>>> print(open('data-v6.pdb').read())   # PDB, C-alpha atoms
ATOM      1  CA  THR F   1      43.582-171.624 -77.421  1.00  0.00           C
ATOM      2  CA  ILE F   2      43.630-171.670 -81.217  1.00  0.00           C
ATOM      3  CA  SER F   3      44.682-174.935 -82.864  1.00  0.00           C
ATOM      4  CA  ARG F   4      44.082-176.736 -86.149  1.00  0.00           C
ATOM      5  CA  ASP F   5      40.853-178.049 -84.611  1.00  0.00           C
ATOM      6  CA  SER F   6      39.335-174.582 -84.103  1.00  0.00           C
ATOM      7  CA  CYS F   7      36.180-173.855 -86.130  1.00  0.00           C
ATOM      8  CA  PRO F   8      35.881-170.037 -86.021  1.00  0.00           C
ATOM      9  CA  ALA F   9      33.181-167.739 -87.308  1.00  0.00           C
ATOM     10  CA  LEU F  10      33.446-163.967 -87.524  1.00  0.00           C
ATOM     11  CA  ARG F  11      31.496-162.345 -84.690  1.00  0.00           C
ATOM     12  CA  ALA F  12      28.311-160.388 -85.396  1.00  0.00           C
ATOM     13  CA  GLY F  13      28.976-156.986 -86.886  1.00  0.00           C
ATOM     14  CA  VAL F  14      32.492-157.928 -87.951  1.00  0.00           C
ATOM     15  CA  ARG F  15      32.445-157.461 -91.696  1.00  0.00           C
ATOM     16  CA  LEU F  16      34.890-157.660 -94.561  1.00  0.00           C
ATOM     17  CA  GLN F  17      35.404-154.416 -96.489  1.00  0.00           C
ATOM     18  CA  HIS F  18      37.370-153.571 -99.600  1.00  0.00           C
ATOM     19  CA  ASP F  19      38.998-150.204 -98.853  1.00  0.00           C
ATOM     20  CA  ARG F  20      39.552-149.427-102.511  1.00  0.00           C
ATOM     21  CA  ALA F  21      41.057-145.990-101.864  1.00  0.00           C
ATOM     22  CA  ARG F  22      43.804-147.532 -99.726  1.00  0.00           C
ATOM     23  CA  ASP F  23      44.090-150.658-101.888  1.00  0.00           C
ATOM     24  CA  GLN F  24      43.552-152.994 -98.964  1.00  0.00           C
ATOM     25  CA  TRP F  25      40.963-155.289 -97.464  1.00  0.00           C
ATOM     26  CA  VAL F  26      40.013-154.999 -93.808  1.00  0.00           C
ATOM     27  CA  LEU F  27      37.705-156.375 -91.154  1.00  0.00           C
ATOM     28  CA  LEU F  28      35.571-153.705 -89.510  1.00  0.00           C
ATOM     29  CA  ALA F  29      34.863-154.494 -85.858  1.00  0.00           C
ATOM     30  CA  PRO F  30      31.715-152.902 -84.371  1.00  0.00           C
ATOM     31  CA  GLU F  31      31.648-150.510 -81.435  1.00  0.00           C
ATOM     32  CA  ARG F  32      31.437-152.309 -78.094  1.00  0.00           C
ATOM     33  CA  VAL F  33      29.786-151.646 -74.745  1.00  0.00           C
ATOM     34  CA  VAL F  34      31.357-152.670 -71.442  1.00  0.00           C
ATOM     35  CA  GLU F  35      29.331-152.268 -68.240  1.00  0.00           C
ATOM     36  CA  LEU F  36      31.002-150.593 -65.242  1.00  0.00           C
ATOM     37  CA  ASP F  37      29.419-150.732 -61.811  1.00  0.00           C
ATOM     38  CA  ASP F  38      30.085-149.043 -58.493  1.00  0.00           C
ATOM     39  CA  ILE F  39      33.819-148.749 -57.757  1.00  0.00           C
ATOM     40  CA  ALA F  40      34.741-149.815 -61.319  1.00  0.00           C
ATOM     41  CA  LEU F  41      33.112-146.593 -62.513  1.00  0.00           C
ATOM     42  CA  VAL F  42      35.462-144.579 -60.301  1.00  0.00           C
ATOM     43  CA  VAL F  43      38.548-146.597 -61.244  1.00  0.00           C
ATOM     44  CA  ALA F  44      37.939-146.101 -64.963  1.00  0.00           C
ATOM     45  CA  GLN F  45      37.693-142.355 -64.344  1.00  0.00           C
ATOM     46  CA  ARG F  46      40.896-142.373 -62.285  1.00  0.00           C
ATOM     47  CA  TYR F  47      43.111-143.948 -64.974  1.00  0.00           C
ATOM     48  CA  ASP F  48      45.511-141.274 -66.262  1.00  0.00           C
ATOM     49  CA  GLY F  49      48.436-143.238 -67.682  1.00  0.00           C
ATOM     50  CA  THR F  50      50.527-142.109 -64.719  1.00  0.00           C
ATOM     51  CA  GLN F  51      49.076-143.370 -61.431  1.00  0.00           C
ATOM     52  CA  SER F  52      49.624-147.082 -60.785  1.00  0.00           C
ATOM     53  CA  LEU F  53      46.862-149.470 -59.736  1.00  0.00           C
ATOM     54  CA  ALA F  54      48.486-149.576 -56.301  1.00  0.00           C
ATOM     55  CA  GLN F  55      48.203-145.788 -56.048  1.00  0.00           C
ATOM     56  CA  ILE F  56      44.648-145.796 -57.367  1.00  0.00           C
ATOM     57  CA  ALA F  57      43.634-148.423 -54.803  1.00  0.00           C
ATOM     58  CA  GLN F  58      45.344-146.611 -51.920  1.00  0.00           C
ATOM     59  CA  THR F  59      43.588-143.360 -52.878  1.00  0.00           C
ATOM     60  CA  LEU F  60      40.152-144.937 -53.272  1.00  0.00           C
ATOM     61  CA  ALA F  61      40.392-147.031 -50.117  1.00  0.00           C
ATOM     62  CA  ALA F  62      41.272-143.904 -48.143  1.00  0.00           C
ATOM     63  CA  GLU F  63      38.466-141.893 -49.761  1.00  0.00           C
ATOM     64  CA  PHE F  64      35.865-144.598 -49.143  1.00  0.00           C
ATOM     65  CA  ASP F  65      37.149-145.666 -45.720  1.00  0.00           C
ATOM     66  CA  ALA F  66      37.602-149.143 -47.175  1.00  0.00           C
ATOM     67  CA  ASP F  67      40.280-151.801 -46.753  1.00  0.00           C
ATOM     68  CA  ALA F  68      43.157-151.145 -49.170  1.00  0.00           C
ATOM     69  CA  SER F  69      44.095-154.797 -49.700  1.00  0.00           C
ATOM     70  CA  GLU F  70      40.520-155.565 -50.755  1.00  0.00           C
ATOM     71  CA  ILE F  71      40.270-152.548 -53.038  1.00  0.00           C
ATOM     72  CA  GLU F  72      43.624-153.332 -54.669  1.00  0.00           C
ATOM     73  CA  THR F  73      42.369-156.809 -55.539  1.00  0.00           C
ATOM     74  CA  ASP F  74      39.207-155.323 -57.050  1.00  0.00           C
ATOM     75  CA  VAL F  75      41.150-152.692 -59.000  1.00  0.00           C
ATOM     76  CA  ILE F  76      43.508-155.294 -60.424  1.00  0.00           C
ATOM     77  CA  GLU F  77      40.630-157.630 -61.320  1.00  0.00           C
ATOM     78  CA  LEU F  78      38.784-154.859 -63.177  1.00  0.00           C
ATOM     79  CA  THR F  79      41.882-153.646 -65.001  1.00  0.00           C
ATOM     80  CA  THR F  80      42.683-157.187 -66.085  1.00  0.00           C
ATOM     81  CA  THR F  81      39.199-157.490 -67.606  1.00  0.00           C
ATOM     82  CA  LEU F  82      39.438-154.128 -69.367  1.00  0.00           C
ATOM     83  CA  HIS F  83      42.907-155.007 -70.638  1.00  0.00           C
ATOM     84  CA  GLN F  84      41.628-158.308 -72.039  1.00  0.00           C
ATOM     85  CA  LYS F  85      38.985-156.315 -73.902  1.00  0.00           C
ATOM     86  CA  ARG F  86      41.730-154.212 -75.541  1.00  0.00           C
ATOM     87  CA  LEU F  87      40.516-151.000 -73.915  1.00  0.00           C
ATOM     88  CA  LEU F  88      43.725-149.835 -72.234  1.00  0.00           C
ATOM     89  CA  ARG F  89      47.120-148.333 -72.993  1.00  0.00           C
ATOM     90  CA  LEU F  90      49.807-149.482 -70.540  1.00  0.00           C
TER      91      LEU F  90
ATOM     92  CA  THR S   1      50.457-158.750 -67.521  1.00  0.00           C
ATOM     93  CA  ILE S   2      48.443-156.518 -65.202  1.00  0.00           C
ATOM     94  CA  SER S   3      49.850-155.987 -61.707  1.00  0.00           C
ATOM     95  CA  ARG S   4      49.689-153.340 -58.994  1.00  0.00           C
ATOM     96  CA  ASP S   5      52.480-151.539 -60.861  1.00  0.00           C
ATOM     97  CA  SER S   6      50.434-151.044 -64.048  1.00  0.00           C
ATOM     98  CA  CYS S   7      49.672-147.416 -64.965  1.00  0.00           C
ATOM     99  CA  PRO S   8      46.784-147.691 -67.468  1.00  0.00           C
ATOM    100  CA  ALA S   9      45.041-145.049 -69.520  1.00  0.00           C
ATOM    101  CA  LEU S  10      41.855-145.573 -71.500  1.00  0.00           C
ATOM    102  CA  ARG S  11      42.646-145.906 -75.205  1.00  0.00           C
ATOM    103  CA  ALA S  12      41.624-143.185 -77.660  1.00  0.00           C
ATOM    104  CA  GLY S  13      37.934-143.223 -78.444  1.00  0.00           C
ATOM    105  CA  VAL S  14      37.104-145.269 -75.359  1.00  0.00           C
ATOM    106  CA  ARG S  15      34.738-143.052 -73.428  1.00  0.00           C
ATOM    107  CA  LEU S  16      32.659-143.260 -70.288  1.00  0.00           C
ATOM    108  CA  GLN S  17      28.903-142.899 -70.797  1.00  0.00           C
ATOM    109  CA  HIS S  18      26.000-142.703 -68.390  1.00  0.00           C
ATOM    110  CA  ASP S  19      23.262-144.836 -69.971  1.00  0.00           C
ATOM    111  CA  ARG S  20      20.524-143.184 -67.954  1.00  0.00           C
ATOM    112  CA  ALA S  21      17.712-145.168 -69.583  1.00  0.00           C
ATOM    113  CA  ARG S  22      19.298-148.444 -68.465  1.00  0.00           C
ATOM    114  CA  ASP S  23      20.538-147.015 -65.156  1.00  0.00           C
ATOM    115  CA  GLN S  24      24.115-148.058 -65.796  1.00  0.00           C
ATOM    116  CA  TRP S  25      27.482-146.628 -66.712  1.00  0.00           C
ATOM    117  CA  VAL S  26      29.486-148.090 -69.576  1.00  0.00           C
ATOM    118  CA  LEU S  27      32.662-147.678 -71.577  1.00  0.00           C
ATOM    119  CA  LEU S  28      32.035-147.279 -75.296  1.00  0.00           C
ATOM    120  CA  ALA S  29      34.823-148.803 -77.384  1.00  0.00           C
ATOM    121  CA  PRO S  30      35.257-147.378 -80.911  1.00  0.00           C
ATOM    122  CA  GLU S  31      34.953-149.356 -84.126  1.00  0.00           C
ATOM    123  CA  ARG S  32      38.234-150.971 -85.160  1.00  0.00           C
ATOM    124  CA  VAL S  33      39.977-151.736 -88.439  1.00  0.00           C
ATOM    125  CA  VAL S  34      42.113-154.834 -88.957  1.00  0.00           C
ATOM    126  CA  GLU S  35      44.092-155.184 -92.194  1.00  0.00           C
ATOM    127  CA  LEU S  36      43.892-158.495 -94.086  1.00  0.00           C
ATOM    128  CA  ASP S  37      46.296-159.269 -96.901  1.00  0.00           C
ATOM    129  CA  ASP S  38      46.546-161.975 -99.531  1.00  0.00           C
ATOM    130  CA  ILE S  39      45.639-165.413 -98.142  1.00  0.00           C
ATOM    131  CA  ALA S  40      44.311-163.895 -94.886  1.00  0.00           C
ATOM    132  CA  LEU S  41      41.578-162.267 -96.969  1.00  0.00           C
ATOM    133  CA  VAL S  42      40.493-165.689 -98.230  1.00  0.00           C
ATOM    134  CA  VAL S  43      40.707-167.339 -94.807  1.00  0.00           C
ATOM    135  CA  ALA S  44      38.492-164.695 -93.211  1.00  0.00           C
ATOM    136  CA  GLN S  45      35.920-165.308 -95.947  1.00  0.00           C
ATOM    137  CA  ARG S  46      36.124-169.078 -95.446  1.00  0.00           C
ATOM    138  CA  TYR S  47      35.298-169.047 -91.714  1.00  0.00           C
ATOM    139  CA  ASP S  48      31.797-170.498 -91.253  1.00  0.00           C
ATOM    140  CA  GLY S  49      31.759-171.743 -87.664  1.00  0.00           C
ATOM    141  CA  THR S  50      31.854-175.303 -88.984  1.00  0.00           C
ATOM    142  CA  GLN S  51      35.035-175.964 -90.972  1.00  0.00           C
ATOM    143  CA  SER S  52      38.171-176.349 -88.849  1.00  0.00           C
ATOM    144  CA  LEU S  53      41.420-174.503 -89.532  1.00  0.00           C
ATOM    145  CA  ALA S  54      42.883-177.829 -90.647  1.00  0.00           C
ATOM    146  CA  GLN S  55      40.092-178.200 -93.210  1.00  0.00           C
ATOM    147  CA  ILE S  56      40.407-174.590 -94.325  1.00  0.00           C
ATOM    148  CA  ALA S  57      44.159-175.007 -94.833  1.00  0.00           C
ATOM    149  CA  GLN S  58      43.778-178.297 -96.717  1.00  0.00           C
ATOM    150  CA  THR S  59      41.186-176.712 -99.027  1.00  0.00           C
ATOM    151  CA  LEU S  60      43.209-173.564 -99.694  1.00  0.00           C
ATOM    152  CA  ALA S  61      46.496-175.391-100.199  1.00  0.00           C
ATOM    153  CA  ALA S  62      44.820-177.634-102.771  1.00  0.00           C
ATOM    154  CA  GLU S  63      43.158-174.677-104.510  1.00  0.00           C
ATOM    155  CA  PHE S  64      46.381-172.664-104.661  1.00  0.00           C
ATOM    156  CA  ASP S  65      48.698-175.600-105.378  1.00  0.00           C
ATOM    157  CA  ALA S  66      50.549-174.684-102.192  1.00  0.00           C
ATOM    158  CA  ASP S  67      52.119-176.750 -99.421  1.00  0.00           C
ATOM    159  CA  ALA S  68      49.479-177.669 -96.826  1.00  0.00           C
ATOM    160  CA  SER S  69      51.825-177.670 -93.828  1.00  0.00           C
ATOM    161  CA  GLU S  70      52.891-174.111 -94.658  1.00  0.00           C
ATOM    162  CA  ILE S  71      49.343-172.904 -95.230  1.00  0.00           C
ATOM    163  CA  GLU S  72      48.131-174.502 -91.989  1.00  0.00           C
ATOM    164  CA  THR S  73      50.784-172.579 -90.068  1.00  0.00           C
ATOM    165  CA  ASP S  74      49.697-169.342 -91.750  1.00  0.00           C
ATOM    166  CA  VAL S  75      46.007-170.029 -91.114  1.00  0.00           C
ATOM    167  CA  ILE S  76      46.634-170.746 -87.446  1.00  0.00           C
ATOM    168  CA  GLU S  77      48.830-167.653 -87.062  1.00  0.00           C
ATOM    169  CA  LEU S  78      46.163-165.405 -88.598  1.00  0.00           C
ATOM    170  CA  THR S  79      43.334-166.918 -86.571  1.00  0.00           C
ATOM    171  CA  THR S  80      45.335-166.492 -83.382  1.00  0.00           C
ATOM    172  CA  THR S  81      45.755-162.783 -84.163  1.00  0.00           C
ATOM    173  CA  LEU S  82      42.074-162.316 -84.989  1.00  0.00           C
ATOM    174  CA  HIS S  83      41.097-164.209 -81.845  1.00  0.00           C
ATOM    175  CA  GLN S  84      43.332-161.971 -79.726  1.00  0.00           C
ATOM    176  CA  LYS S  85      41.506-158.994 -81.221  1.00  0.00           C
ATOM    177  CA  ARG S  86      38.172-160.443 -80.025  1.00  0.00           C
ATOM    178  CA  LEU S  87      36.842-160.826 -83.563  1.00  0.00           C
ATOM    179  CA  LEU S  88      35.901-164.513 -83.540  1.00  0.00           C
ATOM    180  CA  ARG S  89      33.330-166.932 -82.161  1.00  0.00           C
ATOM    181  CA  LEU S  90      34.790-170.393 -81.497  1.00  0.00           C
TER     182      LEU S  90
END
>>> encode(input="data-v6.pdb", output="structure tokens")
Amino acid sequence: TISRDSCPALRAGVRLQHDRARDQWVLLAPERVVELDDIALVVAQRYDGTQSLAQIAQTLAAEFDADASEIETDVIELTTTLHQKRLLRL
Amino acid sequence: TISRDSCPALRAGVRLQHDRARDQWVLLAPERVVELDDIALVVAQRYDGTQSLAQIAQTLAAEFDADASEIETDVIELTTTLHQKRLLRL
């Protein structure tokens, strides 16, 4: 966590900018790349802000003749990672 | 938190891309803008991956003839927010 003992540095590509037109200063964060492999590729495509992870897992497990409990764990794990990376709307 | 009941959607600008050259699929996250105002502007400039938040607060409070306890709270609050946004290296 962040405490008084933290010694931060801005990450690479994160730069300070004076947005004169809007009379404000901002930090510009660079575009990011997140690798998706195998089933994660399908899950990312299946997100639609409606279906739940449970539904997504049930659908995929049935489509791939895979175990639903296992797929649900994988779907939740992936979503947690993508959520941590600020890539999702819940 | 993320559970089986979550119904995610990819955020705007987050798109799926087939990086054929690297034989992988990825999610491309768009550049982001984070507003910094008043003392937060100075704090962001003071980060150097060496000085601690305690040191940064002590320095700034002395420079601005402000109360150090108050400034330390503000510095920690800001850093926590920037850390949550994945903008810092600790």
>>> residues_near_point(input="data-v6.pdb", point="(33.2, -139.0, -76.8)", cutoff="12 Å", atoms="all atoms listed in the file", output="PyMOL selection string")
chain S and resi 11-18+27-30
>>> resolve_selection(input="data-v6.pdb", expression="the PyMOL selection byres ((chain S) within 6 of (chain F))", output="PyMOL selection string")
chain S and resi 2+4-11+25-36+47-54+80+87-90
>>> atom_distance(input="data-v6.pdb", atom1="CA of residue 64 in chain F", atom2="CA of residue 43 in chain F")
12.6 Å
>>> atom_distance(input="data-v6.pdb", atom1="CA of residue 63 in chain S", atom2="CA of residue 21 in chain F")
28.9 Å
>>> atom_distance(input="data-v6.pdb", atom1="CA of residue 58 in chain F", atom2="CA of residue 42 in chain F")
13.1 Å
>>> axis_aligned_box(input="data-v6.pdb", around="range 9-26 of chain F", padding_each_side="8 Å", output="AutoDock Vina command-line options")
--center_x 36.2 --center_y -156.9 --center_z -93.6 --size_x 31.8 --size_y 37.7 --size_z 33.8
>>> decode(input="data-v6.pdb", residues="range 11-43 of chain F", atoms="N, CA, C and O atoms", output="mmCIF file, in the first residue's frame")
data_model
loop_
_atom_site.group_PDB
_atom_site.id
_atom_site.type_symbol
_atom_site.label_atom_id
_atom_site.label_comp_id
_atom_site.auth_asym_id
_atom_site.auth_seq_id
_atom_site.Cartn_x
_atom_site.Cartn_y
_atom_site.Cartn_z
ATOM 1 N N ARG F 11 5.645 6.607 -13.828
ATOM 2 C CA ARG F 11 6.023 5.552 -14.762
ATOM 3 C C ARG F 11 6.428 6.147 -16.107
ATOM 4 O O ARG F 11 6.104 7.298 -16.416
ATOM 5 N N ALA F 12 7.143 5.355 -16.903
ATOM 6 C CA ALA F 12 7.598 5.786 -18.216
ATOM 7 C C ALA F 12 6.422 6.195 -19.084
ATOM 8 O O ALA F 12 5.395 5.522 -19.113
ATOM 9 N N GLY F 13 6.574 7.305 -19.794
ATOM 10 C CA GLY F 13 5.504 7.760 -20.657
ATOM 11 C C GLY F 13 4.494 8.643 -19.957
ATOM 12 O O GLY F 13 3.741 9.359 -20.616
ATOM 13 N N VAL F 14 4.452 8.591 -18.628
ATOM 14 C CA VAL F 14 3.515 9.431 -17.893
ATOM 15 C C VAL F 14 4.166 10.797 -17.785
ATOM 16 O O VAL F 14 5.181 10.962 -17.112
ATOM 17 N N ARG F 15 3.590 11.784 -18.458
ATOM 18 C CA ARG F 15 4.180 13.109 -18.413
ATOM 19 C C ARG F 15 3.232 14.209 -17.987
ATOM 20 O O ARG F 15 2.021 14.121 -18.168
ATOM 21 N N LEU F 16 3.810 15.243 -17.394
ATOM 22 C CA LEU F 16 3.045 16.385 -16.929
ATOM 23 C C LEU F 16 2.819 17.319 -18.111
ATOM 24 O O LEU F 16 3.740 17.578 -18.885
ATOM 25 N N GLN F 17 1.593 17.810 -18.258
ATOM 26 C CA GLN F 17 1.264 18.734 -19.339
ATOM 27 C C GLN F 17 0.410 19.887 -18.845
ATOM 28 O O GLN F 17 -0.506 19.707 -18.040
ATOM 29 N N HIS F 18 0.722 21.076 -19.340
ATOM 30 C CA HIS F 18 -0.026 22.265 -18.990
ATOM 31 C C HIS F 18 -1.079 22.444 -20.088
ATOM 32 O O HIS F 18 -0.749 22.857 -21.205
ATOM 33 N N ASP F 19 -2.328 22.096 -19.793
ATOM 34 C CA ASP F 19 -3.393 22.267 -20.780
ATOM 35 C C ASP F 19 -3.854 23.709 -20.628
ATOM 36 O O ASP F 19 -4.831 24.008 -19.948
ATOM 37 N N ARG F 20 -3.118 24.602 -21.269
ATOM 38 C CA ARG F 20 -3.399 26.024 -21.204
ATOM 39 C C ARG F 20 -4.822 26.411 -21.594
ATOM 40 O O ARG F 20 -5.444 27.248 -20.940
ATOM 41 N N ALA F 21 -5.333 25.807 -22.660
ATOM 42 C CA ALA F 21 -6.686 26.105 -23.125
ATOM 43 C C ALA F 21 -7.725 25.861 -22.032
ATOM 44 O O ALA F 21 -8.666 26.642 -21.869
ATOM 45 N N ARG F 22 -7.547 24.781 -21.277
ATOM 46 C CA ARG F 22 -8.491 24.435 -20.218
ATOM 47 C C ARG F 22 -8.069 24.936 -18.841
ATOM 48 O O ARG F 22 -8.735 24.660 -17.841
ATOM 49 N N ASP F 23 -6.972 25.686 -18.802
ATOM 50 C CA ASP F 23 -6.433 26.240 -17.565
ATOM 51 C C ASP F 23 -6.272 25.179 -16.484
ATOM 52 O O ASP F 23 -6.730 25.338 -15.351
ATOM 53 N N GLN F 24 -5.614 24.084 -16.842
ATOM 54 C CA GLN F 24 -5.383 23.022 -15.880
ATOM 55 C C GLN F 24 -4.135 22.246 -16.230
ATOM 56 O O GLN F 24 -3.671 22.271 -17.370
ATOM 57 N N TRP F 25 -3.576 21.574 -15.233
ATOM 58 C CA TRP F 25 -2.398 20.757 -15.453
ATOM 59 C C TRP F 25 -2.883 19.322 -15.358
ATOM 60 O O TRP F 25 -3.796 19.027 -14.598
ATOM 61 N N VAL F 26 -2.279 18.437 -16.138
ATOM 62 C CA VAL F 26 -2.684 17.040 -16.127
ATOM 63 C C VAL F 26 -1.490 16.122 -16.301
ATOM 64 O O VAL F 26 -0.388 16.559 -16.637
ATOM 65 N N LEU F 27 -1.720 14.842 -16.035
ATOM 66 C CA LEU F 27 -0.716 13.820 -16.254
ATOM 67 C C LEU F 27 -1.301 13.059 -17.428
ATOM 68 O O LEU F 27 -2.489 12.726 -17.421
ATOM 69 N N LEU F 28 -0.485 12.816 -18.444
ATOM 70 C CA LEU F 28 -0.933 12.075 -19.614
ATOM 71 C C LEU F 28 -0.352 10.681 -19.479
ATOM 72 O O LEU F 28 0.869 10.521 -19.429
ATOM 73 N N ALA F 29 -1.225 9.684 -19.391
ATOM 74 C CA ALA F 29 -0.798 8.291 -19.268
ATOM 75 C C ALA F 29 -0.771 7.701 -20.672
ATOM 76 O O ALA F 29 -1.702 7.893 -21.450
ATOM 77 N N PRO F 30 0.299 6.969 -21.014
ATOM 78 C CA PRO F 30 0.431 6.362 -22.337
ATOM 79 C C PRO F 30 -0.510 5.193 -22.584
ATOM 80 O O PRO F 30 -1.029 4.587 -21.645
ATOM 81 N N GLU F 31 -0.725 4.891 -23.859
ATOM 82 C CA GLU F 31 -1.569 3.770 -24.242
ATOM 83 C C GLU F 31 -0.916 2.521 -23.664
ATOM 84 O O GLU F 31 0.305 2.478 -23.492
ATOM 85 N N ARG F 32 -1.719 1.507 -23.358
ATOM 86 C CA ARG F 32 -1.180 0.277 -22.794
ATOM 87 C C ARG F 32 -1.575 -0.932 -23.625
ATOM 88 O O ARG F 32 -2.537 -0.889 -24.395
ATOM 89 N N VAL F 33 -0.810 -2.006 -23.464
ATOM 90 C CA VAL F 33 -1.050 -3.247 -24.186
ATOM 91 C C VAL F 33 -1.174 -4.373 -23.169
ATOM 92 O O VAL F 33 -0.305 -4.542 -22.310
ATOM 93 N N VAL F 34 -2.266 -5.126 -23.253
ATOM 94 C CA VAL F 34 -2.498 -6.238 -22.345
ATOM 95 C C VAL F 34 -2.697 -7.503 -23.177
ATOM 96 O O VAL F 34 -3.626 -7.587 -23.976
ATOM 97 N N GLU F 35 -1.814 -8.480 -22.992
ATOM 98 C CA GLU F 35 -1.889 -9.729 -23.744
ATOM 99 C C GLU F 35 -3.048 -10.622 -23.306
ATOM 100 O O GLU F 35 -3.311 -10.776 -22.113
ATOM 101 N N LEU F 36 -3.736 -11.199 -24.289
ATOM 102 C CA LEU F 36 -4.870 -12.095 -24.059
ATOM 103 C C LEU F 36 -4.562 -13.402 -24.774
ATOM 104 O O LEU F 36 -4.254 -13.394 -25.961
ATOM 105 N N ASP F 37 -4.643 -14.525 -24.078
ATOM 106 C CA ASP F 37 -4.360 -15.777 -24.755
ATOM 107 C C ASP F 37 -5.452 -16.813 -24.592
ATOM 108 O O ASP F 37 -6.116 -16.881 -23.562
ATOM 109 N N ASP F 38 -5.646 -17.597 -25.647
ATOM 110 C CA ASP F 38 -6.631 -18.665 -25.651
ATOM 111 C C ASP F 38 -8.040 -18.260 -25.202
ATOM 112 O O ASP F 38 -8.654 -17.389 -25.813
ATOM 113 N N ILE F 39 -8.561 -18.873 -24.144
ATOM 114 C CA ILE F 39 -9.921 -18.556 -23.718
ATOM 115 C C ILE F 39 -10.142 -17.100 -23.296
ATOM 116 O O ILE F 39 -11.260 -16.593 -23.403
ATOM 117 N N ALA F 40 -9.086 -16.426 -22.839
ATOM 118 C CA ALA F 40 -9.197 -15.025 -22.422
ATOM 119 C C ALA F 40 -9.584 -14.159 -23.622
ATOM 120 O O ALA F 40 -10.266 -13.141 -23.484
ATOM 121 N N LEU F 41 -9.128 -14.563 -24.802
ATOM 122 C CA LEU F 41 -9.449 -13.844 -26.028
ATOM 123 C C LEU F 41 -10.961 -13.904 -26.254
ATOM 124 O O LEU F 41 -11.598 -12.899 -26.582
ATOM 125 N N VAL F 42 -11.538 -15.087 -26.065
ATOM 126 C CA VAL F 42 -12.971 -15.265 -26.253
ATOM 127 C C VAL F 42 -13.775 -14.514 -25.196
ATOM 128 O O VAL F 42 -14.768 -13.864 -25.511
ATOM 129 N N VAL F 43 -13.339 -14.598 -23.943
ATOM 130 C CA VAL F 43 -14.041 -13.925 -22.855
ATOM 131 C C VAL F 43 -14.120 -12.422 -23.090
ATOM 132 O O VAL F 43 -15.177 -11.814 -22.928
#
